[PDB]
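Step one of this worksheet: look at the structure below.
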Amino acid sequence: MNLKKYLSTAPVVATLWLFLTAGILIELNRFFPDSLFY
Amino acid sequence: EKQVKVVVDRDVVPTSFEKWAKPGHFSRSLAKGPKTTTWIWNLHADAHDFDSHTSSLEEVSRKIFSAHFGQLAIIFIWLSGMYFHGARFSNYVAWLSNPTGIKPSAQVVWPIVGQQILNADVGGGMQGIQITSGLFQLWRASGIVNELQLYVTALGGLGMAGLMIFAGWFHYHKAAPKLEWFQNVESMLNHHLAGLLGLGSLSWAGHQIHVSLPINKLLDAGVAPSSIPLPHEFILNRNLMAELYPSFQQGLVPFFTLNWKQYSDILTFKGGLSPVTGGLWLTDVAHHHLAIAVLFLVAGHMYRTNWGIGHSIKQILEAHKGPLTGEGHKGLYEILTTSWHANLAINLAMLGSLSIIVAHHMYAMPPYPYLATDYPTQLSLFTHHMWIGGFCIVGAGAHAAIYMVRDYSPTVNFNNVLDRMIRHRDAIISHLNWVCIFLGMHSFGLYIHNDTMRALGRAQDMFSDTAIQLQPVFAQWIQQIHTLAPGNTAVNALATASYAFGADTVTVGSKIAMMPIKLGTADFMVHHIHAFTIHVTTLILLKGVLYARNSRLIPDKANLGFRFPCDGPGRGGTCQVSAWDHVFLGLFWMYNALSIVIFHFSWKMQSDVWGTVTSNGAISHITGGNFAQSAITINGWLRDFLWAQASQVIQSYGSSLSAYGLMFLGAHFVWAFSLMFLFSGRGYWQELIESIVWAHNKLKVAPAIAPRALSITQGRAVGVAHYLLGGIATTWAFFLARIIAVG
Amino acid sequence: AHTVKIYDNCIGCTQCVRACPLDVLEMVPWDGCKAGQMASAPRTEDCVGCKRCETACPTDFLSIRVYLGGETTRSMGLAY
Amino acid sequence: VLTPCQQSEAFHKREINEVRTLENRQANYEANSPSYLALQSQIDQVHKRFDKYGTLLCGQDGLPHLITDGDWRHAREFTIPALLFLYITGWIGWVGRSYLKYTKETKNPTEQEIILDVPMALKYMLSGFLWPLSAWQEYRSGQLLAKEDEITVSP
Amino acid sequence: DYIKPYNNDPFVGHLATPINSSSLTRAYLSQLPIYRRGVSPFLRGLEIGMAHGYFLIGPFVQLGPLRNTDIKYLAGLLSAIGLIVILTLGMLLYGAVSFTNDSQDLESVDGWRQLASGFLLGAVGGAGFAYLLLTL
Amino acid sequence: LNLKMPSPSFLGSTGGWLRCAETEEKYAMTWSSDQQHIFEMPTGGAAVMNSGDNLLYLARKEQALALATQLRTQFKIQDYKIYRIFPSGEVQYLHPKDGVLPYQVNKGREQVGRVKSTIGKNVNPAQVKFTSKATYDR
Amino acid sequence: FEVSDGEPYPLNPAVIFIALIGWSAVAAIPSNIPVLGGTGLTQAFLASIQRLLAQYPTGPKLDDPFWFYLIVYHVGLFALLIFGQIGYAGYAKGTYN
Ligand code: CLA
Ligand code: CLA
Ligand code: CLA
Ligand code: CLA
Ligand code: CLA
Ligand code: CLA
Ligand code: CLA
Ligand code: CLA
Ligand SMILES: CCCCCCCCCCCCCCCC(=O)OC[C@H](COP(=O)(O)OC[C@@H](O)CO)OC(=O)CCCCCCCCCCCCCCC
Ligand SMILES: CC1=C(/C=C/C(C)=C\C=C\C(C)=C\C=C\C=C(C)\C=C/C=C(C)/C=C/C2=C(C)CCCC2(C)C)C(C)(C)CCC1
Ligand code: SF4
Ligand code: SF4
Ligand code: SF4
């Protein structure tokens, strides 16, 4: 019953990391919309 | 006599996450470590192939029963999602108040990157994406009037999904049936015929009689949805049902006294569409479900199970034998009880054919209320079921080839229909190929000839109504017979089954619901084109299944397997020789055939059926009679249909339909990206990957998992997947945008 | 009329002969490996170029190379 | 020729056109009800966006044009985002390279590549915040570039 | 049981099915201008041509581009004659390359030449007869 | 050899040798068995091998060899002989040609098609241009 | 007659006669329906045949009832003929089920 190892596999870790990245991007886009030319 | 008993193994498989951390554990080769990037693809390619994992039929049967439960749970979750979306983010009540004016919608897009524009002004207060799934019409036909019922249904669906999750886990780790179970085809058929379908239709008929009928009757009588009594009130207080239907005054006594004719208020056979909503009369639908339930229940007592009475499928199969078929159907029973691939092939072909039939019957005889008036929903449903049916048919052929390559046995298939067919497979395929050539010439050549004539100014020499005429006399004759059936061959039927055969037109909300679909020369040519494409795709699939084991080019294709790239650059070239490749080609042909079929339905419906009706009966279609003279030439099919109707999907930018336009472009990209994988080989990509790997080596950043190009078979699969995805998405966005912008 | 050539790196594993579907290869005595056997192609007239032997060769670089040259009835695998 | 959008009539015309497009749909709804507030927020965002973009340069079409020639006056347009992108992606590349170099030291690097070692992966991800400095010293020590690699016939 | 190997010897690439081989089928396939015993190549060609041109004229006269004009029959006859000439050309080419010098038995250059001449003459005569029937 | 040898009980099929085999090469396979086994014919179908001597005709050498492979694998039958018959009527012994399986090393076999050293020593195509020599030729 | 190669095939004209008589008698049952006009399909079909024979050059068009009678009569007659030959050869002649 090694759930940590499974959660550490490539698909799970990749989906979690990309989900966090997309969430950060979206959150930044609603708090700071239509960002251009810094 | 064999006892139809249940035997199961307890705690056969332990429940633990130990195997979750070892990808590829189900395969001996995949459990030794990747060593290359091809292992990642092989892990998913052979994940659901339970027959390759183990050689025991019991284990495969258990892995199927479970995972069937998982897919059932997935379907229940999807259904719960649809119901919850309807209850929380949809204008269902507003639509009920004004079904013709309010556009169905159950999706609300978040305002983040300007996507808030997709929230179309569908009406009813809320603004969102217009749904063409027919969820609103189905819910109305089911008697739903308030969103509380939708919420309760969503919760029930979630609970059912949880049950289908527990059942799937329990039937694999707590109680796994033995191979004797799953081989009781007589019992499984009896139960599915009398319990899954018979009792199911019976229960639905009861619900319609006690919920759909009264609620819909009150809705069609001008009563507000909030003022209609609750469904349980119609059951508790019989006075209400008696008032709406006097037949209920007699109660169930007439049923038990065989005085079924007293149920003429609830069990009618009017035959036509309701003039108020445009759909089938709910009474005729309830009577239909009752008859189908009684017929299925009677049919469910045919096979013999744990009692002397019944029938044996093996005895019936072996009994059918003739001079032209030596052993007849001998050995087929053992084939369908020892190989899941054969059963899957038969079931997939039948399920796909059933879906196609469903599409035709649903558009011609709109069953749900206000379904015909909602052309977007009609187009989407016909096209959707047509596509799912075609995909299931191609899958049926693929699984037939799989069984032929892996589960075939010469002893079992000895002098029987299957063996006798494999013996003369050359006659079958050459004659079928000849039929395909004849059909293509006499179908596409007519179109090409018309193009050449119109371009030369020789319109008098065309295959049209004005010029040489090719009238579907047989189909037109069947239509006339159907038109006259309600009085000479259907004595108790009060109207034709479908107004598409004849009779009169039906208009609901100043919109045409169903009018006679007259067939002409254009329909003659298009129908022949459909037959030609169906013949070529079935030829490809049949060829792949008949030669799956061997051929005059490769004498031992079976030993090579069902899914192998090729035998090499020998014998002139043996590329795409395996049955899997035949399925790969059949996918493109099925896509072509289905695309042409949906194109004909869309254009014909928008030019001769769908449209508006002005006071006094004047009819004005979306494309006034242009299909009669424009569908007879390829130029017309490109100008009056692909170019004229695409203006809605290309000009959708800046409005709520912009998304569709975007998807219209994206799909194209995908369809064009597939070409990359279809016109190329892995040798070149492997060399390019070698150079890229050298670049990585120069920086000490090379990966342990040696990068490799996609396998030949994997490359073909990716190419076909992208091709179908892009094409179907392009025609999906085009159909939806065209039908939503106008009509 | 394909040309099958065996090179000195052959280890005499016989996998090429076992995987050949036209009886084009065989094993002959040799002294270049402990196996004491080497692959031979004395019936190249029946070869079709399927390259099953090339795929079944374990050496780093195939010790058996099949070159597609003259095409005949046998090489085209024509049963008609 | 290019002129500031704040002084270009096309920019104001586009702003008014967008406001009109939103107001046309806003009029159908009621002041205090679902929707109508959703369109007012959009109008306010449009005003803020145009006021923000007024500093950019645009031609006759009124669309903001970005100058990438490297002029300091337009550093915020491309120079600053360019440097920030290079920093983020250099960080991604350097942490990935270090993780690969560590995994190659294990018994079965393939297993580490498939099942990522979250502890060490995070150890290398958290670090590298000074990747431009770490890229150097690895190059100077000769630990960055290799000497001999796989090469086919005719090198 | 009706389906058997063609020559009662298995391993042959053919099957003796009902319409493939039968009393009626064997009688019909036989006695035709071709496959009939005691018929010179020229006679076989003459019969085949007179039977081919007759039905070949039909399509051109009925659906030819000039089917509505007063010379529909003449135009169709000319088209059929041209098609017959092209077919005769094909026949002669086939005989020139496929067959060599040997006895005239329909499988030689002279035999196929006689067959082609007979086919051309018969086809032209049949087309003319059909045209005459249509005109009358 | 032994053209009168009994044949397996087959019901025809449309995948057998065509006319080309009559005017050209036609392979034959003769094997002996002790049980009436059912085997899949290489042409497509199922046949019963007569207990004793079995002789059948095919249009390709690969088909006969594939049938022999399945007779040796699906059944423990190793006494399979493949001959070749020409239109003239002269038979030719093809498989195994020596009474020993090809993958089994046997004395008396002469190495054919041997190249010295590895393929990396092959000459460039430019060095054997305009000549009747190949790269693999030393 | 030989159906295939040297294997004989039993042909009996009585099969055709019995199939024709049986189907005509079955279809001769009257039915008070508008298409049949209160008479069996056999009588209606024969009547339509006579009507169309009067005008020998002009054939029946798409709206003529003759086609419905023709299809149903031929469907049933062909079914009796096919099933009749199956029963005669399979059971009477010993060809077996
Ligand atoms: C699986 C499908 C299904 C299901 C679950 C149900 C379920 C139900 N149906 Mg129903 N129904 C169905 C299909 C179904 N039906 C179909 C296909 C039909 C034919 C179209 C009907 C027609 C029907 C009618 C007409 C009625 C129901 C009624 C009912 C409800 C009570 C039945 C009852 O026991 O009353 C029993 C009623 C009797 C009359 C018993 C018969 C014998 C008695 C004992 C006679 C002896 C005399 C005695 C003094 C009673 C006088 C009664 C007289 C005044 C009528 C029940 C919830 C009843 C209802 O509750 O209405 C809302 C009702 O009246 N159903
Ligand atoms: C269509 C008419 C018809 C039908 C249904 C049958 C049916 C039957 N015959 Mg029979 N027969 C017929 C005409 C028919 N016969 C005629 C005209 C003759 C005179 C030559 C004979 C002479 C004959 C002999 C000598 C014998 C039979 C025997 C039999 C039985 C043996 C099994 C069999 O034949 O297959 C059919 C079996 C079934 C159970 C029927 C299944 C039907 C399927 C499910 C649907 C059919 C739909 C059909 C195509 C509809 C057509 C349109 C309609 C308007 C007519 C069987 C029940 C044998 C017997 O007596 O039994 C031992 C036998 O000895 N028949
Ligand atoms: C994965 C990256 C990510 C990140 C970095 C953030 C960051 C942030 N979110 Mg956010 N969010 C995310 C994903 C993320 N979110 C997702 C996937 C959803 C669901 C679509 C939401 C929905 C959401 C809402 C409704 C709100 C925020 C808010 C906020 C800000 C509040 C302050 C804070 O520090 O809380 C840190 C928050 C997180 C790190 C994410 C936790 C999200 C949890 C699951 C709460 C959402 C509950 C949801 C309504 C119901 C069940 C969801 C299910 C997944 C369990 C913030 C900086 C609040 C805000 O607007 O600030 C004014 C706020 O109202 N988020
Ligand atoms: C009248 C009894 C009955 C009923 C109603 C069903 C119904 C069903 N069976 Mg089933 N089956 C039965 C008896 C029955 N079976 C028997 C006796 C056998 C042994 C001979 C089998 C062996 C069998 C196999 C091997 C498989 C099925 C499968 C299925 C499902 C088909 C998928 C589908 O169409 O979605 C329709 C789904 C629904 C309409 C939802 C209804 C679900 C509820 C729970 C009704 C099912 C009741 C269940 C059979 C018994 C309850 C047991 C109790 C201890 C809780 C379906 C739900 C397939 C499947 O999907 O696997 C899970 C499949 O693989 N059955
Ligand atoms: C009830 C339907 C059904 C079922 C139960 C099966 C079951 C099976 N199939 Mg089959 N098949 C079906 C329908 C079905 N199929 C249909 C409709 C087709 C025609 C398309 C096929 C064509 C087919 C082929 C050609 C093959 C199988 C194979 C198999 C077996 C292994 C599957 C596997 O492991 O691959 C793993 C599955 C995947 C890796 C997923 C692939 C994803 C594709 C591209 C679909 C993407 C859909 C999605 C909507 C895309 C948009 C979203 C995107 C942007 C992310 C398995 C027993 C294989 C086999 O027998 O093994 C030798 C085999 O080669 N199937
Ligand atoms: C739409 C058609 C199409 C497209 C888009 C491409 C694209 C590409 N081809 Mg190409 N090709 C095509 C058709 C196409 N080809 C055809 C018909 C042929 C003839 C057989 C070729 C033959 C060919 C050869 C021989 C070569 C290429 C190469 C390349 C790559 C060049 C480098 C590059 O620009 O990378 C940039 C990347 C892109 C343009 C793709 C866009 C980025 C994607 C969309 C982002 C990732 C996915 C995204 C997250 C969304 C999916 C999410 C998921 C959940 C579904 C590139 C990816 C060359 C190469 O390998 O370059 C090194 C190469 O040598 N092609
Ligand atoms: C450790 C991750 C890593 C690193 C440091 C590099 C570094 C490099 N790559 Mg490479 N690449 C990677 C992953 C990586 N790549 C992967 C996963 C793929 C498959 C999609 C490729 C495919 C690829 C190609 C086709 C090419 C390069 C090339 C190059 C070189 C030039 C820049 C470039 O074009 O990048 C391009 C980057 C991509 C195309 C996609 C990168 C994929 C993701 C977004 C980044 C990797 C994330 C990784 C999983 C993080 C691990 C973190 C760890 C702590 C757990 C450069 C030295 C080029 C070259 O040959 O040198 C001149 C070249 O043509 N790469
Ligand atoms: C494959 C589809 C097709 C079809 C059905 C037609 C049909 C026709 N074309 Mg057309 N055409 C086509 C494709 C087609 N075309 C294409 C693709 C082009 C562009 C290249 C053209 C360009 C073209 C031109 C320029 C013209 C026509 C014309 C015509 C008409 C007369 C042609 C003629 O005399 O031929 C002669 C036919 C034959 C000599 C024999 C036909 C074969 C026979 C009937 C088959 C019998 C088989 C039999 C049943 C087997 C069993 C018998 C055995 C057992 C005894 C005719 C109706 C002419 C016209 O004016 O239009 C009205 C004309 O001028 N076409
Ligand atoms: C001729 C009257 C039928 C009208 C034609 C359309 C019928 C639809 C059924 C399709 C199969 C054709 C019927 C003959 C077939 C038929 O029923 O024969 C009879 C025979 C069945 O009788 P048996 O004695 O074998 O019965 C024992 C077993 O059937 C046990 O159930 O079938 C065959 O063995 C041959 C199968 C196909 C033979 C090759 C024909 C292929 C042509 C396909 C195209 C058909 C015409 C296309 C439409 C124009
Ligand atoms: C598929 C079909 C069919 C068909 C049939 C037929 C086709 C028949 C016939 C026929 C034909 C197709 C015929 C033809 C003909 C021709 C003729 C009868 C002629 C003649 C004569 C003459 C007059 C001649 C002359 C001449 C001259 C002038 C000189 C030169 C030489 C000659 C001799 C040529 C049937 C019904 C079976 C069945 C169903 C359908
Ligand atoms: S490498 Fe590709 S093209 Fe060549 S034989 Fe194999 S599958 Fe065919
Ligand atoms: S290419 Fe094929 S036939 Fe030729 S020697 Fe190699 S394995 Fe044998
Ligand atoms: S050629 Fe390859 S497979 Fe054959 S013996 Fe030599 S090393 Fe083994």
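Being touching a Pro at 6+ places or on another chain (Cβ under 8 Å) and either surrounded by fewer than 17 Cβ atoms within 10 Å (Cβ to Cβ) or more than 13 Å from chain E (Cβ to nearest Cβ) (or both) is the filter here; which residues of the stretch F:10-24 pass it?
Those that are touching a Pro at 6+ places or on another chain (Cβ under 8 Å) and either surrounded by fewer than 17 Cβ atoms within 10 Å (Cβ to Cβ) or more than 13 Å from chain E (Cβ to nearest Cβ) (or both): F:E22, F:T23, F:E24.
Which residues, taken from the stretch C:3-47, are crowded, with 24+ Cβ neighbours inside 10 Å and either in contact with an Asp or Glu (Cβ under 7 Å, 6 or more places away or on another chain) or touching a residue at least 60 places away in the same chain (Cβ under 8 Å) (or both)?
Answer for the stretch C:3-47, where residues must be crowded, with 24+ Cβ neighbours inside 10 Å and either in contact with an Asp or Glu (Cβ under 7 Å, 6 or more places away or on another chain) or touching a residue at least 60 places away in the same chain (Cβ under 8 Å) (or both): C:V4, C:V17, C:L22, C:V24, C:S40.
What pairs come up if the first residue lies in the stretch E:1-26 and is without any contact (Cβ under 8 Å) to a residue 12 or more places away in the chain and at the interface with another protein chain (Cβ under 7 Å from one of its Cβ atoms), the second is crowded, with 16+ Cβ neighbours inside 10 Å and part of a helix (DSSP H, G or I), and their beta carbons are under 8 Å apart, counting only those six or more places apart or on different chains?
Within 8 Å, the pairs are E:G13/B:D426.
Kindly indicate whether D:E148 is out of contact with any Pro (no Cβ under 7 Å at 6 or more places or on another chain), charged (D, E, K, R) and over 26 Å from B:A21 (Cβ atoms).
Yes.
Scan the stretch G:67-80 and tell me whether some residue there is farther than 30 Å from E:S23 by Cα, away from every other protein chain (no Cβ under 14 Å) and either of a type in the set (K, R) or within 16 Å of ligand 8 (Cβ to nearest atom) (or both).
Within the stretch G:67-80 (the criterion being farther than 30 Å from E:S23 by Cα, away from every other protein chain (no Cβ under 14 Å) and either of a type in the set (K, R) or within 16 Å of ligand 8 (Cβ to nearest atom) (or both)), the answer is no, since none of the residues qualifies.
Got a sec? Which of B:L725, B:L699 is of a type outside the set (V, I, T), within 30 Å of B:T623 (Cα to Cα) and surrounded by fewer than 19 Cβ atoms within 10 Å (Cβ to Cβ)?
Testing whether each residue is of a type outside the set (V, I, T), within 30 Å of B:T623 (Cα to Cα) and surrounded by fewer than 19 Cβ atoms within 10 Å (Cβ to Cβ) leaves just B:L725.
Just to be sure, is G:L52 within 14 Å of chain B (Cβ to nearest Cβ), of a type in the set (A, V, I, L, M, F, W, C) and over 17 Å from B:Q480 (Cβ atoms)?
When the stated conditions are applied, G:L52 does not pass them.
Of all residues in the stretch F:109-126, count the ones that are outside any loop (DSSP other than H, G, I, E, B) and either of a type in the set (V, I, T) or surrounded by 10 or more Cβ atoms within 10 Å (Cβ to Cβ) (or both).
Adding up the residues that qualify gives 4.
Report, by residue number, each residue of the stretch B:394-435 that is surrounded by 18 or more Cβ atoms within 10 Å (Cβ to Cβ) and in contact with a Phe, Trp or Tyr (Cβ under 7 Å, 6 or more places away or on another chain).
B:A401, B:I402, B:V405, B:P410, B:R425
Considering only residues that are part of a helix (DSSP H, G or I) and among the charged types (D, E, K, R), look in the stretch B:401-441 and name the one that is farthest from ligand 11 (Cβ to nearest atom).
Going through the qualifying residues, I end up with B:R420.
When you look at B:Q471, is it surrounded by fewer than 20 Cβ atoms within 10 Å (Cβ to Cβ) and outside any helix (DSSP H, G or I), yes or no?
Yes, satisfied.
Might you let me know whether the stretch B:135-149 holds any residue that is within 16 Å of ligand 1 (Cβ to nearest atom), at negative phi, under 28 Å from the mean Cα position of the chain (by Cα) and not in a helix (DSSP H, G or I)?
So far as the stretch B:135-149 goes, yes, one or more of its residues are within 16 Å of ligand 1 (Cβ to nearest atom), at negative phi, under 28 Å from the mean Cα position of the chain (by Cα) and not in a helix (DSSP H, G or I).
Can you name the residue in the stretch D:49-62 that is surrounded by 14 or more Cβ atoms within 10 Å (Cβ to Cβ) and without any contact (Cβ under 8 Å) to a residue 12 or more places away in the chain and, of all such residues, is farthest from the other protein chains (Cβ to nearest Cβ)?
That would be D:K52.
Would you pick out the residues in the stretch C:11-38 that are facing chain F (nearest Cβ under 9 Å), farther than 21 Å from B:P555 by Cα and assigned to a loop (DSSP other than H, G, I, E, B)?
Correct list: C:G12, C:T14, C:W30, C:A35, C:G36.
Pick out, from the stretch B:644-736, the helices (runs of 4 or more DSSP H) lying fully within it that include 3 or more residues that are farther than 30 Å from D:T103 by Cβ and either away from ligand 12 (no atom under 16 Å from the Cβ) or within 12 Å of chain D (Cβ to nearest Cβ) (or both).
Counting at least 3 such residues, we get B:647-650, B:658-678.
Name the residues in the stretch B:211-235 that are farther than 20 Å from B:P99 by Cβ and surrounded by 12 or more Cβ atoms within 10 Å (Cβ to Cβ), would you?
Correct list: B:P229, B:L230, B:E233, B:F234, B:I235.
Quick check on my filter: what residues within the stretch D:113-129 are touching a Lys or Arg at 6+ places or on another chain (Cβ under 9 Å) and within 11 Å of chain B (Cβ to nearest Cβ)?
Selection gives D:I115 alone.
Name the residues in the stretch G:35-62 that are surrounded by fewer than 12 Cβ atoms within 10 Å (Cβ to Cβ) and more than 18 Å from the chain's Cα centre (by Cα), would you?
G:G38, G:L53, G:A54, G:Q55, G:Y56, G:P57, G:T58, G:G59, G:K61
Which of the residues spanning the stretch G:23-78 are under 24 Å from B:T483 (Cα atoms), touching a helix residue (DSSP H, G or I) at 6+ places or on another chain (Cβ under 7 Å) and among the polar types (S, T, N, Q)?
Within the stretch G:23-78, G:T42, G:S48 qualify.
I'm checking my understanding of the structure. Among residues of the stretch B:104-122 that are assigned to a loop (DSSP other than H, G, I, E, B) and buried (at least 20 other Cβ atoms within 10 Å of the Cβ), which one is nearest to the other protein chains (Cβ to nearest Cβ)?
Of everything passing the filter in the stretch B:104-122, B:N119 is nearest to the other protein chains (Cβ to nearest Cβ).
From B:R62, B:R28, B:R10, grab the single residue that is crowded, with 17+ Cβ neighbours inside 10 Å, away from chain A (no Cβ under 14 Å) and basic (K, R).
When all the criteria are applied, what remains is B:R62.
Suppose we filter D:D117, D:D149, D:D71 for residues that are out of contact with any strand residue (DSSP E or B) (no Cβ under 6 Å at 6 or more places or on another chain), over 18 Å from B:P703 (Cβ atoms) and of a type in the set (D, E); which single one remains?
The match here is D:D71.
Results for (1) within 14 Å of chain C (Cβ to nearest Cβ); (2) touching a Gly at 6+ places or on another chain (Cβ under 6 Å), shown as yes or no for each residue.
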site	(1), (2)
B:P565	yes, no
B:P569	yes, yes
B:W580	no, no
B:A593	no, no
B:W603	no, no
B:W610	no, yes
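Looking at B:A372, B:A398, which one is more than 23 Å from B:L179 (Cβ to Cβ), in a loop (DSSP other than H, G, I, E, B) and of a type in the set (A, V, I, L, M, F, W, C)?
Only one candidate qualifies: B:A372.
So, in the stretch F:70-89, exactly how many residues are among the polar types (S, T, N, Q) and surrounded by 11 or more Cβ atoms within 10 Å (Cβ to Cβ)?
3
So which of E:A127, E:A96 is small (G, A, S), away from chain B (no Cβ under 14 Å) and within 16 Å of ligand 8 (Cβ to nearest atom)?
Sole residue among the options that is small (G, A, S), away from chain B (no Cβ under 14 Å) and within 16 Å of ligand 8 (Cβ to nearest atom): E:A127.
Since every read-out is calculated from the coordinates, none of them should be taken as a lab result. Backbone-built Cβ (ideal geometry, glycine too); neighbour counts: all protein chains shown.
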